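*Asks:* The following block contains the structure, expressed as structure tokens.
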Amino acid sequence: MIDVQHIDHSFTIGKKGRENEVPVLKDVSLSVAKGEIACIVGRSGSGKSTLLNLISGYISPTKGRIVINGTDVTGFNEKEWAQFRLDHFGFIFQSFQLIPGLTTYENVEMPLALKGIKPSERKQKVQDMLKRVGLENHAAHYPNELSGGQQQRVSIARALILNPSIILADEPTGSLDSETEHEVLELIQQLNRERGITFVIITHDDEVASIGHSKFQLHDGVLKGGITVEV
Amino acid sequence: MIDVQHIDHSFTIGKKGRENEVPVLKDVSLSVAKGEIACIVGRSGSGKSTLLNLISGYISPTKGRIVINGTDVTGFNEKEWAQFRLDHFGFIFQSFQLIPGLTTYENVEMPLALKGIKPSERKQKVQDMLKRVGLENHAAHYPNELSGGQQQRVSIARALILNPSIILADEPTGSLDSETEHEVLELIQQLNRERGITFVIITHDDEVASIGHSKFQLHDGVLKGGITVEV
Amino acid sequence: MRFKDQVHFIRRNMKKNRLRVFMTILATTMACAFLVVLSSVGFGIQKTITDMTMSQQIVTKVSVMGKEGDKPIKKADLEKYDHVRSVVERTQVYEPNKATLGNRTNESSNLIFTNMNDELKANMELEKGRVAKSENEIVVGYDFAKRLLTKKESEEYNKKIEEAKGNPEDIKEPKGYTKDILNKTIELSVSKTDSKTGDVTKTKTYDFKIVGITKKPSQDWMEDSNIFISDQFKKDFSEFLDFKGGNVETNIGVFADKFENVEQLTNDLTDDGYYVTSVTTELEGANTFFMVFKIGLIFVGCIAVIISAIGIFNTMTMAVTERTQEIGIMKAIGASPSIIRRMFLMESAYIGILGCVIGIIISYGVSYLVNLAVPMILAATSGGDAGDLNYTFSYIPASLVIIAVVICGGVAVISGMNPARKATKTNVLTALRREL
Amino acid sequence: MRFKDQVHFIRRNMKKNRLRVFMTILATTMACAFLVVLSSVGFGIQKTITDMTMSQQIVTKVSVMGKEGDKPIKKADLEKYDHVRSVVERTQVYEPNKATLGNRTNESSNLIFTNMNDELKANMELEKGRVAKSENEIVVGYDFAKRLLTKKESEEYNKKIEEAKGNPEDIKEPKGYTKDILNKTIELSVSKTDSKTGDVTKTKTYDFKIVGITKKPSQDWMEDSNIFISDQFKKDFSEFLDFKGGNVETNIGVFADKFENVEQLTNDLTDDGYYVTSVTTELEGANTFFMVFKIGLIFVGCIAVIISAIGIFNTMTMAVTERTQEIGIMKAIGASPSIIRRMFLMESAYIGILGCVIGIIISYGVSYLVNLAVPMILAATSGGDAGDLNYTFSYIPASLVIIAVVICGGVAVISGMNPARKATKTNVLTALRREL
């Protein structure tokens, strides 16, 4: 479960004598339960990005508290929040974040190495997950030698390698074609329908948002339209 | 006034044990008159880019000879090719190829610094060149703080500031808006109208090519339909 | 993240820039070799001075010449300490001496008073003869033939020396005595200097049996023509040839069984403090000066090692800048600050440790080259064949290797500390948004 | 490209990485300061040895023993040499002197008779009086009054020296005469020794008036109280006080111009076969070792400089790789490979030369600190005046500054040569297009 309520954030930009504070989040009340695809719909820089940053753990929110899996994360320092991200989080960032260089197999295995999984178990998990996603027939294929759709697919495979409760994503199809958009979206839908996994996908497209179990439209920094309309 | 008679070039890409010579040029006979916008429209890898890199001086042709302003440039080494590019060439590359940092005034003055023009006349030269292009109210504005259109305009300004005779260009609207493309092409038209200068623009399209005084189509490398199309 | 994964990541990232990390490793290797070689110059100076001290004189001497306060220095109060092997007592005699055997007279001779029992418990190097425990038995010095020249030979040698003045030219004479130095029962000019002061009374000359001869002295250049008069005869010698006092220089030895026993005897000072000139007392000041010299050379090398440390920091900030994307998405995954700091501190420590190991091997090679070339250079330059002596101008003990490893690993880790903090504080948001 | 334009471009590309540029400049600074200080240790050893030699001996006294084959050395030929001031023909006869001026007397007063025209024309030591010209007239030294003292004082002096017993600490006797010696009638009674050997024939009555005083004796050395006699008595001195066979010792000075002229005269005389010895003789004897030591210390500084130049090379390779795009665009415009190579060689040499300049400043400071510390540590043993020993590091980097600048600039250029070639060999096509 994800519990976000009365959360606000402000950004200070400029020199010490030119500290300009522009609040973005205004008492966000995002509430997601286990095993549904939540979604945040808003314009570019409207406030979805900062909300995803706070929910992931990159920025500590200024006020309010955030609870994931029944545990308070606002007071987490960098070490504890990173430990939480290791074992209970996954990431599908838009830029595909695929380590320019290296290989697909090692890109997928990277979070296993970070957590500390033993080698043969790592091999088994990577092979099984790459088989599940569908990019198993590439092995040591460098990310630069893949297309953007395959980059998104291998990023998803990396996210699923530690079977986390939440695999909250940025816009997974921000730079993607419509066909690859539909493919990635149905892949994520099948993820939820196979294994109960919370999603906090943030996008500026409502068609991408349509697959979710909940709608959360953020207009100019304040959330609204929080419903659970069945698709 | 450019003469490219019987020029061919092959890309020898691969390892020493994995040599693969793929010819991209097939004995082109391109001819360009003085004070006209020669447009060479082709496709990605067809030979437009290779032909521009060959005529510019980055690539020495394997066979044939090239006469530029009544000067053979086939056997030229790096030093003399660069000197030629300095005193008689100009460049409008697609990405605008502007130095990060290096404020737009200094960015325009850069080729004068390369040639060795004293700063006293340099200041005035950059001033009227920026005024003619239409970016004189920028002064110390970084290129990264500009838009794509004005970046292309300041690239043109850097091209004209040395008063060259050939200003061969890559796609000047490769990353541009429709309005910015229209105004930059109109700028090129007024440029050739007011000051005698030769353009060797290569485009991946035809609407930009229609501005040119001549059409040269590169279907995989072979020139067809080379006529002086009056504008 | 365990250790194998961290090593794999470090190797993968270092493989990206081979010509840069190899140059950093070369700079560190040259600095470690520099530090070890320069400090080993001082270490070898200390080792060769210690070896020269051991070779020049007896390893176990413990001389107590120069008693303060004019208090008695009699042997009767000198025997009771910890495992003192010998309390040999010496009183040199300044008398005119010349071997009264034919025309050959041994003008140069240094009579030494000793009991042969104290000699046996002192283990002085003896070439011939078991013991001379008798009133009329002596042991002659090793150079008893070279200094036993005839009167005409000595006169002509002195005249030839005067011809060449004070210049030490090739002026040489045969080695005097050529017959056997076996048991002959010969007498050597016990003629009095008025017992010891100034007048020369009745000559008188005891007949002493030559039981044996002494071995080669502690050094080749210095000669030895001792007589080794028995201490049982010392009572009558004092009674008749009263020399006690100044024509008398006490050379009492406190020789112990071994060098560690010399060290413990030196520790047992402040009661037998008779101005001891033992090897340990003399070498304490040398050890202090050598500690200062080795510390100075260690610091001088440490300067050149800090230069390579600065180079390591440069290449490590270079690596952090190049690895910003990988670190950023690793932090996004949850790599934790501790793991990334450990990874980058380990990359810096690996650069430093590999440089130190390669530089220590190179330093062993350079020290071998120096130890082989220095005797050759000494032989060639100053026309002396290096004196046919053994020197160690460059010695690298295991201690010096330990200091080198510690110092170079420490400076490498210190250099990597700031890039490690930079790589932990990546601000993942920036690295996850690329650039413009 | 104008030089100002290249400087501006270097400023632009150096402001990008202020920390890395400052760190490689600091590595170069430490290497240059290390080189300068280490070689300055040897330069100061050479300077202090040279200063000690120049202070303990008179610089211009080019003493010549003679010629090969014991050929006599005439006075006339020595004059006709290069840039000779004048030749000294001082003659000394080993014999005690019994001056006995009135109730006073002198003992050593060894004879220094010689033709004074040449000596005083050879910048001889004197401050008052006139050269000895008349038959009964001599030139006296400064310490004459020190030994001049009444008969009772002479008995006291004799008692003091007899009771001294070889202890020259309680021998502080009063000076005695503290008045003017000039214009007196000293009844000199130089002792005879049967001309030379042993019998004492008859001491002449050298009733010579006192006109002429010598100043303080050279540079705090030599005793000048000895009486100086002119050439007017040479005939009767050779007739009566015959000295030729033995006792005579006519030291020859050969005074000349400044020290470089002294060295030139020394080598000119050596080329003729003379037995030349002077300050420059010992200086050249130690100069081979000093040159070897300076070269070795400069080579140690050179390996430190190479340690820093590897860091400079890393910084410059990362500067070439880091931009590659300003370089690509300049090459596209036509900046020429020569201009780019000069640009990057200028940047590397600027890092090296700034590091060398501030290393020279820091090494001047460190040498000053060493000059303030070495006497402060080693006092109470030999640095009583404290203006000696290591009081040398003020001038030391005279040619050492030039050598250090040349070495560091050149090695920086070598280190930056490869990055310069990399920059001039950047493919324009690859450099222009972005790398995603």
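Going by the structure tokens order, chains are called A, B, ..., each with residues numbered from 1, while ligands are numbered from 1 in the order shown.
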List every residue of region 126-267 of chain C that DSSP, applied to the backbone of this structure, places in helix (DSSP H, G or I), and write the result as a PDB file with N, CA, C and O atoms, in the first residue's frame.
*Replies:*
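Output contents, as saved in out.pdb:
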ATOM      1  N   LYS C 151     118.562  -4.550  11.984  1.00  0.00           N
ATOM      2  CA  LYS C 151     118.988  -3.173  12.218  1.00  0.00           C
ATOM      3  C   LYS C 151     119.334  -2.471  10.910  1.00  0.00           C
ATOM      4  O   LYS C 151     118.921  -1.327  10.681  1.00  0.00           O
ATOM      5  N   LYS C 152     120.084  -3.144  10.035  1.00  0.00           N
ATOM      6  CA  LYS C 152     120.424  -2.554   8.745  1.00  0.00           C
ATOM      7  C   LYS C 152     119.183  -2.356   7.883  1.00  0.00           C
ATOM      8  O   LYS C 152     119.044  -1.326   7.213  1.00  0.00           O
ATOM      9  N   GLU C 153     118.275  -3.335   7.882  1.00  0.00           N
ATOM     10  CA  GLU C 153     117.057  -3.214   7.089  1.00  0.00           C
ATOM     11  C   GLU C 153     116.182  -2.070   7.587  1.00  0.00           C
ATOM     12  O   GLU C 153     115.651  -1.295   6.784  1.00  0.00           O
ATOM     13  N   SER C 154     116.024  -1.943   8.906  1.00  0.00           N
ATOM     14  CA  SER C 154     115.240  -0.840   9.449  1.00  0.00           C
ATOM     15  C   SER C 154     115.897   0.502   9.151  1.00  0.00           C
ATOM     16  O   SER C 154     115.210   1.473   8.811  1.00  0.00           O
ATOM     17  N   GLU C 155     117.227   0.575   9.267  1.00  0.00           N
ATOM     18  CA  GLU C 155     117.927   1.821   8.974  1.00  0.00           C
ATOM     19  C   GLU C 155     117.754   2.224   7.515  1.00  0.00           C
ATOM     20  O   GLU C 155     117.469   3.392   7.215  1.00  0.00           O
ATOM     21  N   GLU C 156     117.908   1.273   6.590  1.00  0.00           N
ATOM     22  CA  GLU C 156     117.759   1.603   5.177  1.00  0.00           C
ATOM     23  C   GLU C 156     116.311   1.926   4.827  1.00  0.00           C
ATOM     24  O   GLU C 156     116.062   2.793   3.984  1.00  0.00           O
ATOM     25  N   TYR C 157     115.345   1.260   5.467  1.00  0.00           N
ATOM     26  CA  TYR C 157     113.944   1.598   5.238  1.00  0.00           C
ATOM     27  C   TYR C 157     113.632   3.008   5.722  1.00  0.00           C
ATOM     28  O   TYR C 157     112.929   3.764   5.040  1.00  0.00           O
ATOM     29  N   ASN C 158     114.152   3.383   6.894  1.00  0.00           N
ATOM     30  CA  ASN C 158     113.947   4.740   7.391  1.00  0.00           C
ATOM     31  C   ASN C 158     114.614   5.768   6.485  1.00  0.00           C
ATOM     32  O   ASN C 158     114.049   6.837   6.230  1.00  0.00           O
ATOM     33  N   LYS C 159     115.817   5.464   5.992  1.00  0.00           N
ATOM     34  CA  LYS C 159     116.491   6.383   5.080  1.00  0.00           C
ATOM     35  C   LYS C 159     115.721   6.531   3.773  1.00  0.00           C
ATOM     36  O   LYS C 159     115.628   7.634   3.220  1.00  0.00           O
ATOM     37  N   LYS C 160     115.164   5.432   3.260  1.00  0.00           N
ATOM     38  CA  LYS C 160     114.362   5.503   2.043  1.00  0.00           C
ATOM     39  C   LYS C 160     113.080   6.295   2.274  1.00  0.00           C
ATOM     40  O   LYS C 160     112.633   7.034   1.389  1.00  0.00           O
ATOM     41  N   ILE C 161     112.469   6.142   3.451  1.00  0.00           N
ATOM     42  CA  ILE C 161     111.290   6.937   3.789  1.00  0.00           C
ATOM     43  C   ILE C 161     111.648   8.417   3.839  1.00  0.00           C
ATOM     44  O   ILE C 161     110.905   9.270   3.337  1.00  0.00           O
ATOM     45  N   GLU C 162     112.792   8.745   4.445  1.00  0.00           N
ATOM     46  CA  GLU C 162     113.245  10.131   4.480  1.00  0.00           C
ATOM     47  C   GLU C 162     113.531  10.662   3.080  1.00  0.00           C
ATOM     48  O   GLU C 162     113.320  11.850   2.814  1.00  0.00           O
ATOM     49  N   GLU C 163     114.016   9.802   2.181  1.00  0.00           N
ATOM     50  CA  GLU C 163     114.259  10.223   0.805  1.00  0.00           C
ATOM     51  C   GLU C 163     112.962  10.628   0.117  1.00  0.00           C
ATOM     52  O   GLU C 163     112.926  11.614  -0.629  1.00  0.00           O
ATOM     53  N   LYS C 234     102.228 -10.621  36.525  1.00  0.00           N
ATOM     54  CA  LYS C 234     101.934  -9.198  36.650  1.00  0.00           C
ATOM     55  C   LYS C 234     102.317  -8.660  38.022  1.00  0.00           C
ATOM     56  O   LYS C 234     102.751  -7.509  38.136  1.00  0.00           O
ATOM     57  N   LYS C 235     102.164  -9.473  39.071  1.00  0.00           N
ATOM     58  CA  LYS C 235     102.515  -9.023  40.414  1.00  0.00           C
ATOM     59  C   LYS C 235     103.998  -8.688  40.511  1.00  0.00           C
ATOM     60  O   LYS C 235     104.375  -7.597  40.957  1.00  0.00           O
ATOM     61  N   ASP C 236     104.861  -9.606  40.071  1.00  0.00           N
ATOM     62  CA  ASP C 236     106.295  -9.339  40.100  1.00  0.00           C
ATOM     63  C   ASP C 236     106.684  -8.256  39.103  1.00  0.00           C
ATOM     64  O   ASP C 236     107.623  -7.489  39.355  1.00  0.00           O
ATOM     65  N   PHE C 237     105.981  -8.176  37.969  1.00  0.00           N
ATOM     66  CA  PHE C 237     106.267  -7.134  36.990  1.00  0.00           C
ATOM     67  C   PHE C 237     105.996  -5.752  37.567  1.00  0.00           C
ATOM     68  O   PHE C 237     106.758  -4.812  37.326  1.00  0.00           O
ATOM     69  N   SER C 238     104.916  -5.643  38.337  1.00  0.00           N
ATOM     70  CA  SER C 238     104.631  -4.358  39.017  1.00  0.00           C
ATOM     71  C   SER C 238     105.678  -4.152  40.109  1.00  0.00           C
ATOM     72  O   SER C 238     106.157  -3.012  40.260  1.00  0.00           O
ATOM     73  N   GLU C 239     106.038  -5.227  40.817  1.00  0.00           N
ATOM     74  CA  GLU C 239     106.974  -5.111  41.929  1.00  0.00           C
ATOM     75  C   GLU C 239     108.316  -4.549  41.474  1.00  0.00           C
ATOM     76  O   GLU C 239     108.897  -3.689  42.146  1.00  0.00           O
ATOM     77  N   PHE C 240     108.827  -5.020  40.335  1.00  0.00           N
ATOM     78  CA  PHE C 240     110.145  -4.611  39.858  1.00  0.00           C
ATOM     79  C   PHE C 240     110.051  -3.526  38.787  1.00  0.00           C
ATOM     80  O   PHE C 240     110.613  -2.439  38.949  1.00  0.00           O
ATOM     81  N   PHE C 259      76.193 -10.988  21.328  1.00  0.00           N
ATOM     82  CA  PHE C 259      75.837  -9.594  21.073  1.00  0.00           C
ATOM     83  C   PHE C 259      74.611  -9.173  21.874  1.00  0.00           C
ATOM     84  O   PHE C 259      74.546  -8.044  22.374  1.00  0.00           O
ATOM     85  N   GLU C 260      73.617 -10.058  21.992  1.00  0.00           N
ATOM     86  CA  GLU C 260      72.472  -9.755  22.844  1.00  0.00           C
ATOM     87  C   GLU C 260      72.901  -9.594  24.295  1.00  0.00           C
ATOM     88  O   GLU C 260      72.327  -8.780  25.032  1.00  0.00           O
ATOM     89  N   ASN C 261      73.914 -10.349  24.721  1.00  0.00           N
ATOM     90  CA  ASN C 261      74.473 -10.141  26.050  1.00  0.00           C
ATOM     91  C   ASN C 261      75.177  -8.793  26.151  1.00  0.00           C
ATOM     92  O   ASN C 261      75.151  -8.161  27.211  1.00  0.00           O
ATOM     93  N   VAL C 262      75.793  -8.328  25.061  1.00  0.00           N
ATOM     94  CA  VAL C 262      76.340  -6.974  25.051  1.00  0.00           C
ATOM     95  C   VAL C 262      75.223  -5.952  25.214  1.00  0.00           C
ATOM     96  O   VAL C 262      75.372  -4.956  25.933  1.00  0.00           O
ATOM     97  N   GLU C 263      74.090  -6.178  24.547  1.00  0.00           N
ATOM     98  CA  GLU C 263      72.957  -5.265  24.672  1.00  0.00           C
ATOM     99  C   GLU C 263      72.424  -5.234  26.100  1.00  0.00           C
ATOM    100  O   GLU C 263      72.112  -4.161  26.631  1.00  0.00           O
ATOM    101  N   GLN C 264      72.309  -6.400  26.741  1.00  0.00           N
ATOM    102  CA  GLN C 264      71.820  -6.410  28.118  1.00  0.00           C
ATOM    103  C   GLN C 264      72.839  -5.802  29.080  1.00  0.00           C
ATOM    104  O   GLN C 264      72.454  -5.150  30.057  1.00  0.00           O
ATOM    105  N   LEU C 265      74.137  -5.981  28.817  1.00  0.00           N
ATOM    106  CA  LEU C 265      75.149  -5.311  29.626  1.00  0.00           C
ATOM    107  C   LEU C 265      75.050  -3.798  29.477  1.00  0.00           C
ATOM    108  O   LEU C 265      75.186  -3.057  30.458  1.00  0.00           O
ATOM    109  N   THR C 266      74.815  -3.322  28.251  1.00  0.00           N
ATOM    110  CA  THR C 266      74.598  -1.894  28.036  1.00  0.00           C
ATOM    111  C   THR C 266      73.354  -1.409  28.765  1.00  0.00           C
ATOM    112  O   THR C 266      73.347  -0.302  29.318  1.00  0.00           O
ATOM    113  N   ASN C 267      72.291  -2.214  28.770  1.00  0.00           N
ATOM    114  CA  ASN C 267      71.117  -1.882  29.570  1.00  0.00           C
ATOM    115  C   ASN C 267      71.459  -1.802  31.052  1.00  0.00           C
ATOM    116  O   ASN C 267      70.893  -0.976  31.777  1.00  0.00           O
TER     117      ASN C 267
END
*Asks:* Write down, as a PDB file with N, CA, C and O atoms, in the first residue's frame, each residue of chain C that has any atom within 7 Å of an atom of chain A, counting only C-alpha atoms.
*Replies:*
ATOM      1  N   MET C   1      26.579  -6.062  -1.679  1.00  0.00           N
ATOM      2  CA  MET C   1      27.000  -6.246  -3.061  1.00  0.00           C
ATOM      3  C   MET C   1      28.121  -7.275  -3.141  1.00  0.00           C
ATOM      4  O   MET C   1      28.622  -7.582  -4.222  1.00  0.00           O
ATOM      5  N   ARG C   2      28.501  -7.816  -1.982  1.00  0.00           N
ATOM      6  CA  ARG C   2      29.622  -8.744  -1.878  1.00  0.00           C
ATOM      7  C   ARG C   2      30.896  -8.094  -2.407  1.00  0.00           C
ATOM      8  O   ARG C   2      30.962  -6.871  -2.560  1.00  0.00           O
ATOM      9  N   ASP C   5      31.319  -8.907  -7.094  1.00  0.00           N
ATOM     10  CA  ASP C   5      30.586  -7.963  -7.931  1.00  0.00           C
ATOM     11  C   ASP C   5      31.258  -6.595  -7.942  1.00  0.00           C
ATOM     12  O   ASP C   5      31.338  -5.945  -8.991  1.00  0.00           O
ATOM     13  N   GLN C 325      26.444   8.628 -15.137  1.00  0.00           N
ATOM     14  CA  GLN C 325      25.221   7.937 -15.538  1.00  0.00           C
ATOM     15  C   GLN C 325      25.063   6.610 -14.802  1.00  0.00           C
ATOM     16  O   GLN C 325      23.990   6.310 -14.258  1.00  0.00           O
ATOM     17  N   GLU C 326      26.121   5.795 -14.792  1.00  0.00           N
ATOM     18  CA  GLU C 326      26.049   4.497 -14.130  1.00  0.00           C
ATOM     19  C   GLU C 326      25.795   4.656 -12.638  1.00  0.00           C
ATOM     20  O   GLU C 326      24.943   3.965 -12.071  1.00  0.00           O
ATOM     21  N   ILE C 329      22.010   5.845 -12.064  1.00  0.00           N
ATOM     22  CA  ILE C 329      20.976   4.818 -12.101  1.00  0.00           C
ATOM     23  C   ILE C 329      21.236   3.703 -11.094  1.00  0.00           C
ATOM     24  O   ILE C 329      20.296   2.987 -10.724  1.00  0.00           O
ATOM     25  N   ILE C 333      18.457   2.623  -8.506  1.00  0.00           N
ATOM     26  CA  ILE C 333      18.100   1.249  -8.170  1.00  0.00           C
ATOM     27  C   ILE C 333      18.138   1.036  -6.663  1.00  0.00           C
ATOM     28  O   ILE C 333      17.319   0.292  -6.110  1.00  0.00           O
ATOM     29  N   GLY C 334      19.055   1.707  -5.968  1.00  0.00           N
ATOM     30  CA  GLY C 334      19.174   1.539  -4.533  1.00  0.00           C
ATOM     31  C   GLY C 334      20.540   1.068  -4.080  1.00  0.00           C
ATOM     32  O   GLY C 334      20.662   0.372  -3.071  1.00  0.00           O
ATOM     33  N   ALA C 335      21.580   1.456  -4.819  1.00  0.00           N
ATOM     34  CA  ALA C 335      22.932   0.982  -4.553  1.00  0.00           C
ATOM     35  C   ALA C 335      23.462   1.397  -3.190  1.00  0.00           C
ATOM     36  O   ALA C 335      24.458   0.820  -2.744  1.00  0.00           O
ATOM     37  N   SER C 336      22.846   2.385  -2.537  1.00  0.00           N
ATOM     38  CA  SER C 336      23.219   2.885  -1.216  1.00  0.00           C
ATOM     39  C   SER C 336      24.529   3.660  -1.272  1.00  0.00           C
ATOM     40  O   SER C 336      25.431   3.308  -2.041  1.00  0.00           O
ATOM     41  N   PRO C 337      24.664   4.729  -0.485  1.00  0.00           N
ATOM     42  CA  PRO C 337      25.934   5.472  -0.478  1.00  0.00           C
ATOM     43  C   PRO C 337      27.121   4.637  -0.039  1.00  0.00           C
ATOM     44  O   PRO C 337      28.226   4.827  -0.560  1.00  0.00           O
ATOM     45  N   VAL C 428      20.993  11.964  -7.853  1.00  0.00           N
ATOM     46  CA  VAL C 428      20.468  11.028  -8.846  1.00  0.00           C
ATOM     47  C   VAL C 428      19.495  11.684  -9.824  1.00  0.00           C
ATOM     48  O   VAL C 428      19.421  11.289 -10.992  1.00  0.00           O
ATOM     49  N   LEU C 429      18.749  12.688  -9.360  1.00  0.00           N
ATOM     50  CA  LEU C 429      17.818  13.392 -10.240  1.00  0.00           C
ATOM     51  C   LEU C 429      18.532  13.961 -11.461  1.00  0.00           C
ATOM     52  O   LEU C 429      18.060  13.816 -12.594  1.00  0.00           O
TER      53      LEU C 429
END
*Asks:* Could you list the residues in chain C lying within 7 Å of chain D, using only C-alpha atoms, and format the result as number ranges by chain?
*Replies:* C: 20, 23, 27, 30-31, 304, 307-308, 310-311, 314
*Asks:* Can you spit out the residues from that selection as a PDB file, in the first residue's frame, using N, CA, C and O atoms?
*Replies:*
ATOM      1  N   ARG C  20      44.568   5.729 -19.527  1.00  0.00           N
ATOM      2  CA  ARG C  20      44.556   6.688 -18.431  1.00  0.00           C
ATOM      3  C   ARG C  20      44.816   6.022 -17.090  1.00  0.00           C
ATOM      4  O   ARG C  20      45.636   6.508 -16.304  1.00  0.00           O
ATOM      5  N   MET C  23      48.374   4.988 -17.019  1.00  0.00           N
ATOM      6  CA  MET C  23      49.262   6.107 -16.724  1.00  0.00           C
ATOM      7  C   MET C  23      49.226   6.461 -15.244  1.00  0.00           C
ATOM      8  O   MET C  23      50.265   6.758 -14.647  1.00  0.00           O
ATOM      9  N   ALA C  27      52.382   6.366 -12.745  1.00  0.00           N
ATOM     10  CA  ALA C  27      52.809   7.450 -11.868  1.00  0.00           C
ATOM     11  C   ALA C  27      52.926   6.969 -10.431  1.00  0.00           C
ATOM     12  O   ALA C  27      53.914   7.260  -9.746  1.00  0.00           O
ATOM     13  N   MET C  30      56.036   4.585 -10.210  1.00  0.00           N
ATOM     14  CA  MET C  30      57.265   5.353 -10.166  1.00  0.00           C
ATOM     15  C   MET C  30      57.436   6.077  -8.843  1.00  0.00           C
ATOM     16  O   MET C  30      58.555   6.129  -8.335  1.00  0.00           O
ATOM     17  N   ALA C  31      56.363   6.598  -8.253  1.00  0.00           N
ATOM     18  CA  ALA C  31      56.483   7.224  -6.943  1.00  0.00           C
ATOM     19  C   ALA C  31      56.797   6.229  -5.835  1.00  0.00           C
ATOM     20  O   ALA C  31      57.582   6.540  -4.938  1.00  0.00           O
ATOM     21  N   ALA C 304      57.062  12.932  -3.378  1.00  0.00           N
ATOM     22  CA  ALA C 304      56.847  12.389  -4.712  1.00  0.00           C
ATOM     23  C   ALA C 304      55.709  11.383  -4.759  1.00  0.00           C
ATOM     24  O   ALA C 304      55.193  11.106  -5.846  1.00  0.00           O
ATOM     25  N   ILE C 307      52.603  13.513  -4.970  1.00  0.00           N
ATOM     26  CA  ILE C 307      52.411  13.929  -6.362  1.00  0.00           C
ATOM     27  C   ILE C 307      51.565  12.906  -7.120  1.00  0.00           C
ATOM     28  O   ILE C 307      50.588  13.256  -7.800  1.00  0.00           O
ATOM     29  N   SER C 308      51.916  11.625  -7.008  1.00  0.00           N
ATOM     30  CA  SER C 308      51.122  10.598  -7.669  1.00  0.00           C
ATOM     31  C   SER C 308      49.750  10.463  -7.033  1.00  0.00           C
ATOM     32  O   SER C 308      48.801  10.046  -7.698  1.00  0.00           O
ATOM     33  N   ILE C 310      48.003  13.044  -6.011  1.00  0.00           N
ATOM     34  CA  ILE C 310      47.256  14.097  -6.692  1.00  0.00           C
ATOM     35  C   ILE C 310      46.857  13.641  -8.088  1.00  0.00           C
ATOM     36  O   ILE C 310      45.738  13.899  -8.547  1.00  0.00           O
ATOM     37  N   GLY C 311      47.764  12.956  -8.785  1.00  0.00           N
ATOM     38  CA  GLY C 311      47.397  12.367 -10.067  1.00  0.00           C
ATOM     39  C   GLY C 311      46.269  11.356  -9.960  1.00  0.00           C
ATOM     40  O   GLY C 311      45.381  11.308 -10.820  1.00  0.00           O
ATOM     41  N   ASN C 314      43.101  13.234  -9.581  1.00  0.00           N
ATOM     42  CA  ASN C 314      42.685  13.763 -10.875  1.00  0.00           C
ATOM     43  C   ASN C 314      41.976  12.695 -11.693  1.00  0.00           C
ATOM     44  O   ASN C 314      40.850  12.900 -12.163  1.00  0.00           O
TER      45      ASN C 314
END
*Asks:* Mind listing the strand (DSSP E) residues of region 36-89 of chain B, per DSSP on the backbone, as a count of residues only?
*Replies:* 10
*Asks:* Please list as a PyMOL selection string every residue within 12 Å of residue 51 (chain A), counting only C-alpha atoms and excluding residues in the same chain fewer than 3 positions away.
*Replies:* chain A and resi 4-10+24-30+39-42+45-48+54-62+66+168-170+200-202+216+218+221-223
*Asks:* After a least-squares fit of chain C on chain D across every C-alpha pair in order, what's the RMSD, to one decimal?
*Replies:*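 C-alpha RMSD after least-squares superposition: 2.8 Å.
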*Asks:* Any idea what the distance is between CA of residue 43 (chain D) and CA of residue 297 (chain D)?
*Replies:*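 Taking CA of residue 43 (chain D) as the start and CA of residue 297 (chain D) as the end point, the length is 9.4 Å.
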*Asks:* Which residues come within 7 Å of residue 42 (chain D), counting only C-alpha atoms, excluding same-chain residues fewer than 4 positions away, as a list in words?
*Replies:*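 Counting only C-alpha atoms, the residues come to residues 46, 293 and 294 of chain D.
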*Asks:* Got time to write the residues from that selection, N, CA and C atoms, as a CSV table (one decimal), in the first residue's frame?
*Replies:*
chain,number,residue,atom,x,y,z
D,46,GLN,N,78.1,22.3,-2.4
D,46,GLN,CA,79.2,22.8,-3.2
D,46,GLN,C,79.5,24.2,-2.8
D,293,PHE,N,77.2,14.9,-8.1
D,293,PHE,CA,76.1,15.0,-7.1
D,293,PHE,C,75.0,15.9,-7.6
D,294,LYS,N,75.3,17.0,-8.2
D,294,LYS,CA,74.3,17.9,-8.7
D,294,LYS,C,73.5,17.2,-9.8
